[PDB]
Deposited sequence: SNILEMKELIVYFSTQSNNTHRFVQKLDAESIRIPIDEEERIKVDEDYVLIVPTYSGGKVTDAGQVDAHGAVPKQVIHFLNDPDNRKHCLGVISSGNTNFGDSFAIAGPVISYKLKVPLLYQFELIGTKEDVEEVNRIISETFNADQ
């Protein structure tokens, strides 16, 4: 029952990373009028959009907040993987820590853009161990 729930904007960086992973994935819709219901355990994979302002506001995409706001969706989160770009410095991938704090779940990994070979191999291994232990 290995499952990913992920968000990706129109740039589809997080989408492309997630499609390189072994586990089945479900996409949180971009459209703010649309919502999804998930009733299985999942690892959450989301990008950061605070924009390096000095400030965790907008760090978690609004669509991800809307998804987690539903307690039926919220309760199934085993852990969060966040992405972004180290050039945002103190704001790098901070969507993960924010979600980790809000849900009281582990921050499992942080990566950049569409991810490397190493990121794919590591996240596959981490998702496996997360659903076992």
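Within the chain's deposited sequence, the coordinate-free stretches run 1 to 6, 61 to 66, 146 to 147 in sequence order.
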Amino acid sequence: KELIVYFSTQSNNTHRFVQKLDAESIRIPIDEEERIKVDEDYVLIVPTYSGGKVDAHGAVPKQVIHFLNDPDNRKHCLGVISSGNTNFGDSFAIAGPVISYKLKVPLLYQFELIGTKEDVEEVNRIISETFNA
From here on, numbers count along this sequence of modelled residues.
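According to the PDB record, 119 to 127 carries the higher mean C-alpha B-factor of the two stretches 13 to 21 and 119 to 127.
In this entry, 99 to 107 shows the higher mean Cα temperature factor of the pair 62 to 70 and 99 to 107.
The PDB entry assigns the greatest CA B-factor among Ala93, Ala56, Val43, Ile26 to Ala56.
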